[PDB]
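Here's the structure we're looking at; comments come further down.
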Amino acid sequence: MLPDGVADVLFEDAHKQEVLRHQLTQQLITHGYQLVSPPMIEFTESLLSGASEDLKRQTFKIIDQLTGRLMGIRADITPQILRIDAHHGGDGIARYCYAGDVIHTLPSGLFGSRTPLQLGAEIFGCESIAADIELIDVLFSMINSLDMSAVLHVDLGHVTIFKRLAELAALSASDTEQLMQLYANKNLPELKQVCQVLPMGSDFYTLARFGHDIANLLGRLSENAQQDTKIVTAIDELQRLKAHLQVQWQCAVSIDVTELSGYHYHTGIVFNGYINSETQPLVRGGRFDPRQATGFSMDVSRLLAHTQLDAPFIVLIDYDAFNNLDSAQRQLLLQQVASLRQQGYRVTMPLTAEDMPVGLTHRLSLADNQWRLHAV
Amino acid sequence: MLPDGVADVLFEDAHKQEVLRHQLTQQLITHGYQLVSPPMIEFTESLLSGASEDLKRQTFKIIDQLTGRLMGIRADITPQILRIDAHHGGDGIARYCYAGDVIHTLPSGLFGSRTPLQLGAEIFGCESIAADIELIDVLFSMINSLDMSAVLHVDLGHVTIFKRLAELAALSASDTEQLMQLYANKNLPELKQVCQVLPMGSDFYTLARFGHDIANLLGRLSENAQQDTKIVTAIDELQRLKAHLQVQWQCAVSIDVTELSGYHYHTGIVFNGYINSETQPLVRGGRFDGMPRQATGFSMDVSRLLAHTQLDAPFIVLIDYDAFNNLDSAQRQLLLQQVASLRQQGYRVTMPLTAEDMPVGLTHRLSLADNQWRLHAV
Amino acid sequence: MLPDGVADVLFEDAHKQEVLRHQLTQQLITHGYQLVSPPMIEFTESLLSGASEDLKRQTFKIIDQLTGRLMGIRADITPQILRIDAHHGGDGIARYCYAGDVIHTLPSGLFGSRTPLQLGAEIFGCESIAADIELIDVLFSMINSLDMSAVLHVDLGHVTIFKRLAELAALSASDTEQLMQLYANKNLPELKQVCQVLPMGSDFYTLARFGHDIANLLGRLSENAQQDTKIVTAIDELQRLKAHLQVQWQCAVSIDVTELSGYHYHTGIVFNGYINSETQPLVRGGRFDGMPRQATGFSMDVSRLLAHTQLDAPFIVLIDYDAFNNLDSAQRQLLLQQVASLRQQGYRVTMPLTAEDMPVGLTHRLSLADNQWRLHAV
Amino acid sequence: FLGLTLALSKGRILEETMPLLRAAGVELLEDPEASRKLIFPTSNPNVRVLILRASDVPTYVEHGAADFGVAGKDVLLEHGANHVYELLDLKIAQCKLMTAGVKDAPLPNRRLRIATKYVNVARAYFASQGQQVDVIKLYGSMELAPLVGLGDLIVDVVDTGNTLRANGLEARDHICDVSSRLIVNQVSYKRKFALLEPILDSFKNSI
Amino acid sequence: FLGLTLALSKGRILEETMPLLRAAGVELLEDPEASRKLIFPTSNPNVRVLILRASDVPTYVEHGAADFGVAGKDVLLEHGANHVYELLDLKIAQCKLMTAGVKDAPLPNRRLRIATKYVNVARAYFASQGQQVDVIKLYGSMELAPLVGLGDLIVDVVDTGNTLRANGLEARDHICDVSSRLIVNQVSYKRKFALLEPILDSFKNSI
Ligand SMILES: N=c1c2ncn([C@@H]3O[C@H](COP(=O)(O)OP(=O)(O)OP(=O)(O)O)[C@@H](O)[C@H]3O)c2ncn1[C@@H]1O[C@H](COP(=O)(O)O)[C@@H](O)[C@H]1O
Ligand SMILES: N=c1c2ncn([C@@H]3O[C@H](COP(=O)(O)OP(=O)(O)OP(=O)(O)O)[C@@H](O)[C@H]3O)c2ncn1[C@@H]1O[C@H](COP(=O)(O)O)[C@@H](O)[C@H]1O
Ligand SMILES: [Cl-]
Ligand SMILES: [Cl-]
Ligand SMILES: [Cl-]
Ligand SMILES: [Cl-]
Ligand SMILES: [Mg+2]
Ligand SMILES: [Mg+2]
């Protein structure tokens, strides 16, 4: 019995996982993303530098017996990318990708995994919406290569709209924290109540009530909010990405400007990609942190239920016939077997007359001095 | 600053590591090994079931916040293979492979890694030396695919020879522990001294003095030892694997029957593959208990292959920013079709965001000259 | 445009070639071979004394303007070694090595070189298989020093087996020439046909069909052949060298007793060393006539090693023109002392003539920073 | 492509080869004339086929672009089959290489001018007869050359002799017998013998 | 340098080693004290000598900067001789590792504070006696520590016991016997056994 949220990935699923990890990584590399493979463990000083409290609680701690210092098993690779970019990246544009195991102390959603295989891509050093647009095109090129029947639905948000309203309204921390709870739960009635006594309250109500209708959202806001340069641009970025997703990718987009998960680290646009009607996003992405950064990541293991490989060719050599061979005949047979394996056939040399591979599709059999493949 | 024995693997090395991990795994699959990918963490009840004390000390502990029970970060994947084989493997022959990260509390060797990328293969349910021979064929097929100039030297041992002598001679634990220390340190003079007063002492001297000459080892042992079925077979297995390695695989083999590392877990033949003159084995393998269920297997740290392998230099391409933006829509779609084809072939092509956007290690520009997009070296 | 099979060797390849030529020659000298350096040209009387027709056609002719006599540009150094051994070698054992350019009128293989850098070693005055064994040890010591990832495969033959069968069977010249063509082309069916009507025909069939299995070859031959002392010894020599190659040198060996290239000049055992899957042997060797004086030897084209070997990347250093000219005399002498020391270590240091003087492949500048000359990577 | 590549001669040879292939594992899915395709799959997935000019087969095999091939002995002698193994006489597409001149015309009192495709064979043959010849290279319609004075004799492949007789020519000397042969690349023979042996044995059994 | 590099301990050990060397092929040309030289040639041209701190010998051997060396068993136990072969007990520079406190002074009713160079040995010894100790690391003059209150006991090498008695201390527990040992680098043992065996056999014969 494994711990809750911890599962083996076995056999054909393991092969599929390895194929997905490799093919997605290679695609990223061909789009000019530099692969990096940081370690599972670091000192907490680097691993949790500027981390949120959720990330800290999500990170297992262990003690280094060589120094007596605290280390952590990573719950997120993104902070390691920042460390790497700071040392190696320079001032210009730098692109990175990665794929590695991460460990969580608690599952993120209901019945979630605590050991995802985290794969992702990140662009540093570009302020333009063009960097976000490029990331979308890479993501959707990757998704379309998987030939899934499952549909991805995208929810866009933008944390700057709420952050600017909170500045202009001069909200206290407890008022900010209450609205975030009400937004998280879309408690519209109680949000209506609280907003009647808050400064610029009707703006905070409008986000929740009408934030879905992004074309008209600016015109529903107060004159102070409509005069704020950062709100107008954030709303404009949402409209630009929505349009790009619909037109270039035939992608259903919803907008939610009250999506404020990772209030700590997100600095702008945010992206949540849902797979069919599954509760937790398959893809999470957005702007984050003077050096610009944007990126996404996903759990490769969640793609397993939505992808299929071609059926494998699983071959068994006849035990009796192989042992009847002279040395020269065996070397010719092994040459033939090496060539079959080079082509991706899975060929078992039997140890005994009962040795049978799981999922046998073919036998390699001798008929009149010729080894031929026959289906079972 | 990372902790000692912990390093980033970056850029071309990361790409090389990913290629090695993938290609070696695929090879294992084509030899009929079923890939498994167990988790990094488990309850200690399963992860350290029948573990040695070294494995226990090598395993980081953490607490499960959902149950309050103890877990570990794996230091070794092999015990997870046993768990999997017990549930799924049945009574017949079962073959497994794996490649995953493991964490160690302390390094094994001087400046060794505490985070190896552990890759391996295991056969359960076959008592015959033929299963060990098959593992050698898989290993060497993998090693030869790497096209290294570095030479692999193999040292074979067999812990049963010493274990049976210790039984027949009826050695106490302290006598067993002293001989193991003397063997570990090659202290031949002091071994000669201690063996003059021990029962079957000359046999324990003979292992150390003449164990390298495996063809003649049985004939140097005492009549009681030569009549023991398990000693005769163990020596026979050593000769079989030595021959197979030299003849089939052009491999230099040494024999050391006093090699008693992992006295606890090895149950028979043992294999240590060394790369050039590096102290810690690249490959460790041998017979162990699959439980009565036979097991044999090897593993290695894929990250130690990085220094001894080379990929072809990458093609790193930048599309001209200015020329691309001068194009009409139909011209852009033709260019992107061309780019897709280059990427399918493994070219690394950057679509520039700005006029300054330059990839690291640029080898080529894709440039427009008289209505034609060609690759030009920089 | 150079002639076909004629190429410049430039820059890092030229440096590599010079290192290979020097290091392989020095190794040969340390194994006790006396270096000789005969001339490119000789009178044909000496250069083609006892030459095959292939060697004669391979040799360019020129006229000596001092005597009006014919000379040749050497296509092979071995006949010059014989001339030298006849004058200086005496009756005992003599060992020689060499490395020199030779010119061929036509290439041997498809797109082959007509100007190989021929390096080799030869032992005169020893009939024993021990002389051939020593040559193998020298060769493989040389090959292993090159640290190649490319694998050398060795094919052994022995022309005496076929020559003795042809004597005992009393074959005519046209029968001998037909079998050699059928052997050369592996035409087993037509060989089977011709051998049904020839005397001792089944022996000539057995060579082609079963000659690869050298352990059992004597026992497949006819009673007349098994009673021939020269066939029994030739087969024995093949088994000895095969074993030595596998065990001492981890070398894959095949046997082909129908390998009858150089029927004219080979007198016994023959050796062909192949590199990966390249058609023409990298190394050719075997027994020949040293005249009664025994001779054995091998040679190879050093230029064919260039594609399979690597040197460490060079350090190419430029001294800063401006900073150097700012120095007083004592400062210049200190800098030149430093430069002399760097050059002693193999750094390639350019003293610039002008502010634009830049060496090809610049890796480092030697620059002045606060009264200190340090190397900085570019 | 990891299987065998088989180089076949386009014209007269291809017709008599097809039966030998079908008896082995190999037979073409399409037809060479109807399709404008260079590389042809077969019934055997391990065998690929190239339909080439008869003159190009030895080149493709020798450089390893094909692993083995069927080629006329006239082409092999003219080409110089130095870097290939001539494994089997297939005994198909049989003919003779001959000399031919104008019917009853006298040999002139000079170096004979030979018009031929087979320039190395011509030179070699006339050298073995101790005759010095001026060779003229042609690629087609050898029959024509003596009729407009381009040479005194020709060298060409002759089967029935009807093409010679229909143009007022007669055969003079027999040079050698010709048939299609099975050739194999030196390297392929070592590396892909397992794939080759069953095909080689079936061709051997088919005659 | 292709020969053997020999790591020798500087002080007390060096005096009793010199006779063992001379019986083998090896003897120093200069003297260690008079010369300010780090690397010393010997009578044998294949052997080189390094005169090192006793504490540094195991480090040099384990990393392969020396091929073999002479080192105190007290130093090896404290260092952890994990990556070297302890080939011979030379039976020279003999002494004991012991505990020592003030003469007739009572043990306090608390965790014992141990002042020592040998912190791993101290911890290990007191752990084997089921005692928990607070260890204080020192590099010299262990005798002083108990006299000014720095610890309750010390751990140090004792031969005659005169240094302890001259400072008002007495020995308490015997931890283990100590002598200089011959250590060899794992890799050197395989690669340079031909050079080593005659020296190893002469050391063996010298006792
Ligand atoms: N009879 C043959 C003939 N027989 C066998 N072969 C083989 O077929 C190969 C040439 O094949 P092709 O048919 O493609 O060549 P081609 O017909 O000479 O020239 P193409 O116009 O096809 O290019 C030669 O290499 C021979 O090995 C023959 N090739 C050509 N011929 C010609 O066919 C005609 C028939 O000759 P008679 O039967 O004597 O009238 C004459 O023109 C002959 O030269
Ligand atoms: N008696 C010894 C002694 N005997 C053998 N050895 C060995 O010599 C090695 C240390 O050599 P050194 O002489 O260089 O070390 P040191 O004298 O402790 O310190 P230094 O000032 O030399 O650095 C140890 O590792 C032992 O293996 C000894 N090392 C030190 N001593 C000291 O010598 C003094 C004599 O002790 P009593 O004879 O008991 O009075 C006491 O201070 C002892 O601690
Ligand atoms: Cl490992
Ligand atoms: Cl040469
Ligand atoms: Cl006619
Ligand atoms: Cl005392
Ligand atoms: Mg293991
Ligand atoms: Mg020669």
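Simple scheme: letters A, B, ... for chains in structure tokens order, numbers from 1 for residues in each chain, numbers from 1 for ligands in the order shown.
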**OP:** Identify, with DSSP run on backbone atoms, the residues in segment 234-272 of chain C assigned to strand (DSSP E), and express the list as a list in words.
**Re:**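 Filtering segment 234-272 of chain C down to strand (DSSP E) leaves residues 253, 254, 255, 266, 267, 268, 269, 270, 271 and 272 of chain C.
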Grab the residues selected above and save them as a PDB file, in the first residue's frame with N, CA, C and O atoms.
ATOM      1  N   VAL C 253      38.034 -11.673 -33.485  1.00  0.00           N
ATOM      2  CA  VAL C 253      38.791 -12.302 -34.567  1.00  0.00           C
ATOM      3  C   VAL C 253      37.862 -13.172 -35.406  1.00  0.00           C
ATOM      4  O   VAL C 253      37.090 -13.950 -34.873  1.00  0.00           O
ATOM      5  N   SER C 254      37.965 -13.034 -36.715  1.00  0.00           N
ATOM      6  CA  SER C 254      37.398 -13.988 -37.654  1.00  0.00           C
ATOM      7  C   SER C 254      38.571 -14.667 -38.371  1.00  0.00           C
ATOM      8  O   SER C 254      39.689 -14.130 -38.411  1.00  0.00           O
ATOM      9  N   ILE C 255      38.306 -15.842 -38.907  1.00  0.00           N
ATOM     10  CA  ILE C 255      39.281 -16.631 -39.651  1.00  0.00           C
ATOM     11  C   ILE C 255      38.754 -16.748 -41.068  1.00  0.00           C
ATOM     12  O   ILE C 255      37.554 -17.020 -41.266  1.00  0.00           O
ATOM     13  N   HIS C 266      52.862 -13.286 -49.837  1.00  0.00           N
ATOM     14  CA  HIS C 266      52.653 -13.933 -48.537  1.00  0.00           C
ATOM     15  C   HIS C 266      53.091 -15.396 -48.575  1.00  0.00           C
ATOM     16  O   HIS C 266      52.844 -16.111 -49.542  1.00  0.00           O
ATOM     17  N   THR C 267      53.741 -15.816 -47.499  1.00  0.00           N
ATOM     18  CA  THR C 267      54.328 -17.140 -47.372  1.00  0.00           C
ATOM     19  C   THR C 267      53.720 -17.933 -46.215  1.00  0.00           C
ATOM     20  O   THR C 267      54.185 -19.031 -45.913  1.00  0.00           O
ATOM     21  N   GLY C 268      52.680 -17.399 -45.577  1.00  0.00           N
ATOM     22  CA  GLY C 268      52.145 -17.998 -44.368  1.00  0.00           C
ATOM     23  C   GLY C 268      50.948 -17.261 -43.791  1.00  0.00           C
ATOM     24  O   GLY C 268      50.024 -16.897 -44.508  1.00  0.00           O
ATOM     25  N   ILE C 269      50.977 -17.051 -42.476  1.00  0.00           N
ATOM     26  CA  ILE C 269      49.930 -16.299 -41.771  1.00  0.00           C
ATOM     27  C   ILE C 269      49.733 -14.898 -42.358  1.00  0.00           C
ATOM     28  O   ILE C 269      50.697 -14.257 -42.776  1.00  0.00           O
ATOM     29  N   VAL C 270      48.474 -14.465 -42.447  1.00  0.00           N
ATOM     30  CA  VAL C 270      48.131 -13.102 -42.872  1.00  0.00           C
ATOM     31  C   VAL C 270      47.100 -12.489 -41.941  1.00  0.00           C
ATOM     32  O   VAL C 270      46.254 -13.171 -41.385  1.00  0.00           O
ATOM     33  N   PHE C 271      47.207 -11.173 -41.817  1.00  0.00           N
ATOM     34  CA  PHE C 271      46.484 -10.391 -40.842  1.00  0.00           C
ATOM     35  C   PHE C 271      45.869  -9.193 -41.590  1.00  0.00           C
ATOM     36  O   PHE C 271      46.566  -8.498 -42.324  1.00  0.00           O
ATOM     37  N   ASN C 272      44.574  -8.959 -41.416  1.00  0.00           N
ATOM     38  CA  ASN C 272      43.918  -7.767 -41.966  1.00  0.00           C
ATOM     39  C   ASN C 272      43.075  -7.136 -40.862  1.00  0.00           C
ATOM     40  O   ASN C 272      42.166  -7.776 -40.328  1.00  0.00           O
TER      41      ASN C 272
END
Subject >> Contact residues (chain C, partner chain B, 8 Å, only C-alpha atoms) as a VMD selection string >> reply: chain C and resid 147 to 150 246 to 247 250 to 252
Save out the residues we just selected, N, CA and C atoms, as a compact mmCIF listing (two decimals), in the first residue's frame.
# COMPACT_ATOMS: atom_id res chain seq x y z
N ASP C 147 43.25 5.80 -28.10
CA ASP C 147 42.00 6.10 -27.39
C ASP C 147 40.82 6.36 -28.35
N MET C 148 40.67 5.47 -29.31
CA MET C 148 39.60 5.58 -30.30
C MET C 148 38.32 4.96 -29.76
N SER C 149 37.18 5.45 -30.21
CA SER C 149 35.89 4.79 -29.96
C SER C 149 35.61 3.79 -31.08
N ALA C 150 36.21 4.01 -32.25
CA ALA C 150 36.13 3.07 -33.37
C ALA C 150 36.74 1.72 -32.99
N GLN C 246 42.20 -12.61 -28.66
CA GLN C 246 41.00 -12.54 -27.83
C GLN C 246 41.34 -12.28 -26.37
N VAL C 247 42.29 -13.07 -25.85
CA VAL C 247 42.58 -13.11 -24.42
C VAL C 247 43.45 -11.93 -23.97
N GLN C 250 41.42 -8.50 -26.08
CA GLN C 250 39.97 -8.26 -26.19
C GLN C 250 39.54 -7.95 -27.65
N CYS C 251 40.15 -8.66 -28.60
CA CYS C 251 39.96 -8.38 -30.02
C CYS C 251 39.04 -9.43 -30.64
N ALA C 252 37.98 -8.97 -31.32
CA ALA C 252 37.14 -9.85 -32.16
C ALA C 252 37.97 -10.35 -33.33
Original post:
Within 12 Å of ligand 5, counting only C-alpha atoms and all ligand atoms: which residues, as a list in words?
Top reply: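 Going residue by residue within 12 Å of ligand 5, we get residues 98, 99, 100, 101, 102, 103, 104, 158, 159, 160, 161, 162, 163, 164, 165, 166, 167, 168, 169, 170, 171, 172, 173 and 174 of chain D.
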Written file, previous selection with C-alpha atoms, as a PDB file, in the first residue's frame:
ATOM      1  CA  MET D  98      30.805 -10.715 -80.272  1.00  0.00           C
ATOM      2  CA  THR D  99      32.596  -8.749 -82.954  1.00  0.00           C
ATOM      3  CA  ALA D 100      30.588  -7.886 -86.089  1.00  0.00           C
ATOM      4  CA  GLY D 101      31.395  -6.177 -89.403  1.00  0.00           C
ATOM      5  CA  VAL D 102      29.698  -5.630 -92.769  1.00  0.00           C
ATOM      6  CA  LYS D 103      28.740  -8.838 -94.634  1.00  0.00           C
ATOM      7  CA  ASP D 104      31.697 -10.145 -96.711  1.00  0.00           C
ATOM      8  CA  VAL D 158      24.154 -10.841 -79.766  1.00  0.00           C
ATOM      9  CA  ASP D 159      21.473 -13.469 -79.063  1.00  0.00           C
ATOM     10  CA  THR D 160      19.726 -14.656 -82.287  1.00  0.00           C
ATOM     11  CA  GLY D 161      21.838 -12.543 -84.683  1.00  0.00           C
ATOM     12  CA  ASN D 162      18.712 -11.095 -86.390  1.00  0.00           C
ATOM     13  CA  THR D 163      19.525  -7.427 -85.613  1.00  0.00           C
ATOM     14  CA  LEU D 164      22.957  -7.864 -87.225  1.00  0.00           C
ATOM     15  CA  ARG D 165      21.528  -9.700 -90.274  1.00  0.00           C
ATOM     16  CA  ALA D 166      18.675  -7.159 -90.666  1.00  0.00           C
ATOM     17  CA  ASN D 167      21.313  -4.373 -91.031  1.00  0.00           C
ATOM     18  CA  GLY D 168      23.610  -6.247 -93.470  1.00  0.00           C
ATOM     19  CA  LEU D 169      26.153  -7.257 -90.783  1.00  0.00           C
ATOM     20  CA  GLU D 170      27.613 -10.656 -89.814  1.00  0.00           C
ATOM     21  CA  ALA D 171      29.205 -11.890 -86.566  1.00  0.00           C
ATOM     22  CA  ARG D 172      32.999 -12.443 -86.774  1.00  0.00           C
ATOM     23  CA  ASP D 173      34.509 -13.502 -83.430  1.00  0.00           C
ATOM     24  CA  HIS D 174      33.002 -14.939 -80.272  1.00  0.00           C
TER      25      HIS D 174
END
Subject >> Atomic distance atom CA of residue 39 of chain B - atom CA of residue 301 of chain A, expressed in Å with one decimal >> reply: 11.8 Å
**OP:** Could you give me the residues within 7 Å of ligand 1, counting only C-alpha atoms and all ligand atoms, as a PyMOL selection string?
**Re:** chain D and resi 10-13+53-54+72-75+93-95+140+156-164+178-180
Write a file of the selected residues as an mmCIF file, in the first residue's frame, keeping N, CA, C and O atoms.
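Saved to result21.cif:
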data_model
loop_
_atom_site.group_PDB
_atom_site.id
_atom_site.type_symbol
_atom_site.label_atom_id
_atom_site.label_comp_id
_atom_site.auth_asym_id
_atom_site.auth_seq_id
_atom_site.Cartn_x
_atom_site.Cartn_y
_atom_site.Cartn_z
ATOM 1 N N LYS D 10 16.753 -2.529 -65.509
ATOM 2 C CA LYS D 10 15.462 -2.147 -66.124
ATOM 3 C C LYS D 10 14.819 -3.022 -67.211
ATOM 4 O O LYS D 10 13.633 -3.325 -67.097
ATOM 5 N N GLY D 11 15.552 -3.388 -68.258
ATOM 6 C CA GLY D 11 14.919 -3.833 -69.518
ATOM 7 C C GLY D 11 14.733 -5.330 -69.717
ATOM 8 O O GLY D 11 13.846 -5.963 -69.113
ATOM 9 N N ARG D 12 15.581 -5.911 -70.575
ATOM 10 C CA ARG D 12 15.542 -7.338 -70.899
ATOM 11 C C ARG D 12 15.735 -8.254 -69.688
ATOM 12 O O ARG D 12 15.106 -9.305 -69.603
ATOM 13 N N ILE D 13 16.600 -7.840 -68.766
ATOM 14 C CA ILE D 13 16.941 -8.618 -67.575
ATOM 15 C C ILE D 13 15.773 -8.712 -66.583
ATOM 16 O O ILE D 13 15.541 -9.777 -66.015
ATOM 17 N N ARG D 53 18.994 1.559 -64.655
ATOM 18 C CA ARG D 53 19.713 1.252 -65.892
ATOM 19 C C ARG D 53 20.637 0.063 -65.626
ATOM 20 O O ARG D 53 21.239 -0.033 -64.549
ATOM 21 N N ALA D 54 20.754 -0.837 -66.595
ATOM 22 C CA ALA D 54 21.608 -2.013 -66.448
ATOM 23 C C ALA D 54 23.065 -1.625 -66.138
ATOM 24 O O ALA D 54 23.736 -2.295 -65.340
ATOM 25 N N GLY D 72 23.988 -7.757 -65.794
ATOM 26 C CA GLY D 72 24.538 -8.526 -66.911
ATOM 27 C C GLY D 72 26.035 -8.698 -66.758
ATOM 28 O O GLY D 72 26.718 -7.794 -66.263
ATOM 29 N N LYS D 73 26.541 -9.861 -67.159
ATOM 30 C CA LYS D 73 27.986 -10.136 -67.128
ATOM 31 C C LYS D 73 28.778 -9.232 -68.098
ATOM 32 O O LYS D 73 29.941 -8.908 -67.844
ATOM 33 N N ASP D 74 28.143 -8.848 -69.204
ATOM 34 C CA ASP D 74 28.695 -7.848 -70.121
ATOM 35 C C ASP D 74 28.935 -6.516 -69.409
ATOM 36 O O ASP D 74 29.967 -5.881 -69.622
ATOM 37 N N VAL D 75 28.002 -6.121 -68.548
ATOM 38 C CA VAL D 75 28.129 -4.873 -67.791
ATOM 39 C C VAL D 75 29.231 -4.989 -66.727
ATOM 40 O O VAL D 75 29.995 -4.048 -66.547
ATOM 41 N N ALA D 93 18.753 -14.220 -69.088
ATOM 42 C CA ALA D 93 19.085 -13.160 -70.038
ATOM 43 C C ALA D 93 20.383 -13.484 -70.779
ATOM 44 O O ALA D 93 21.291 -12.659 -70.882
ATOM 45 N N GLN D 94 20.446 -14.708 -71.296
ATOM 46 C CA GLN D 94 21.657 -15.235 -71.901
ATOM 47 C C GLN D 94 21.863 -14.675 -73.297
ATOM 48 O O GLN D 94 20.912 -14.487 -74.051
ATOM 49 N N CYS D 95 23.122 -14.400 -73.614
ATOM 50 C CA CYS D 95 23.521 -13.847 -74.905
ATOM 51 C C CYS D 95 25.044 -14.008 -75.038
ATOM 52 O O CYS D 95 25.669 -14.657 -74.199
ATOM 53 N N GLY D 140 24.442 3.843 -78.094
ATOM 54 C CA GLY D 140 23.298 3.161 -78.716
ATOM 55 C C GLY D 140 23.426 2.929 -80.211
ATOM 56 O O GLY D 140 24.171 3.632 -80.890
ATOM 57 N N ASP D 156 29.255 -5.921 -79.591
ATOM 58 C CA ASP D 156 27.919 -5.786 -79.007
ATOM 59 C C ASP D 156 27.369 -7.139 -78.555
ATOM 60 O O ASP D 156 27.899 -8.186 -78.924
ATOM 61 N N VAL D 157 26.334 -7.108 -77.717
ATOM 62 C CA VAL D 157 25.642 -8.339 -77.311
ATOM 63 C C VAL D 157 24.746 -8.865 -78.438
ATOM 64 O O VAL D 157 23.987 -8.115 -79.045
ATOM 65 N N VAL D 158 24.874 -10.160 -78.709
ATOM 66 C CA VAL D 158 24.154 -10.841 -79.766
ATOM 67 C C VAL D 158 23.495 -12.078 -79.154
ATOM 68 O O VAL D 158 24.140 -12.823 -78.417
ATOM 69 N N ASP D 159 22.208 -12.271 -79.456
ATOM 70 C CA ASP D 159 21.473 -13.469 -79.063
ATOM 71 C C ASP D 159 21.147 -14.300 -80.312
ATOM 72 O O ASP D 159 21.847 -15.273 -80.588
ATOM 73 N N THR D 160 20.113 -13.922 -81.065
ATOM 74 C CA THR D 160 19.726 -14.656 -82.287
ATOM 75 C C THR D 160 20.556 -14.285 -83.520
ATOM 76 O O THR D 160 20.656 -15.070 -84.455
ATOM 77 N N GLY D 161 21.138 -13.086 -83.521
ATOM 78 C CA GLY D 161 21.838 -12.543 -84.683
ATOM 79 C C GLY D 161 20.960 -11.840 -85.714
ATOM 80 O O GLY D 161 21.467 -11.407 -86.752
ATOM 81 N N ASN D 162 19.662 -11.695 -85.432
ATOM 82 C CA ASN D 162 18.712 -11.095 -86.390
ATOM 83 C C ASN D 162 18.913 -9.592 -86.583
ATOM 84 O O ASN D 162 18.720 -9.093 -87.689
ATOM 85 N N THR D 163 19.280 -8.873 -85.520
ATOM 86 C CA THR D 163 19.525 -7.427 -85.613
ATOM 87 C C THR D 163 20.735 -7.139 -86.499
ATOM 88 O O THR D 163 20.710 -6.201 -87.298
ATOM 89 N N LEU D 164 21.785 -7.951 -86.356
ATOM 90 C CA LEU D 164 22.957 -7.864 -87.225
ATOM 91 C C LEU D 164 22.600 -8.171 -88.685
ATOM 92 O O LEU D 164 22.939 -7.394 -89.585
ATOM 93 N N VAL D 178 27.477 -14.581 -72.005
ATOM 94 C CA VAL D 178 26.956 -13.589 -71.071
ATOM 95 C C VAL D 178 25.661 -14.101 -70.442
ATOM 96 O O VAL D 178 24.834 -14.718 -71.113
ATOM 97 N N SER D 179 25.510 -13.844 -69.148
ATOM 98 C CA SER D 179 24.245 -14.049 -68.443
ATOM 99 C C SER D 179 24.182 -13.082 -67.271
ATOM 100 O O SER D 179 25.208 -12.550 -66.849
ATOM 101 N N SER D 180 22.979 -12.846 -66.758
ATOM 102 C CA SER D 180 22.819 -12.010 -65.572
ATOM 103 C C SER D 180 23.392 -12.720 -64.347
ATOM 104 O O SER D 180 23.267 -13.942 -64.206
#
**OP:** Please identify every polymer residue within 6 Å of ligand 7, using only C-alpha atoms and all ligand atoms, and present the set as a PyMOL selection string.
**Re:** chain B and resi 76-78+299
Original post:
Would you name the residues within 10 Å of ligand 4, counting only C-alpha atoms and all ligand atoms, and put them as a ChimeraX atom specification?
Top reply: /C:75-77,99-104,108,113-120,281-284,298-304
**OP:** Give the residues of chain C that lie within 12 Å of chain A; count only C-alpha atoms, and format the answer as a list in words.
**Re:**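 Here is what falls inside 12 Å: residues 209, 210, 212, 213 and 254 of chain C.
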Print the selection's residues with C-alpha atoms to a file, as a tab-separated table (two decimals), in the first residue's frame.
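Okay, this is what ended up in result35.tsv:
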chain	number	residue	atom	x	y	z
C	209	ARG	CA	32.42	-23.90	-46.20
C	210	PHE	CA	34.00	-24.57	-42.78
C	212	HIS	CA	35.76	-20.05	-40.26
C	213	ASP	CA	35.55	-22.80	-37.56
C	254	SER	CA	37.40	-13.99	-37.65
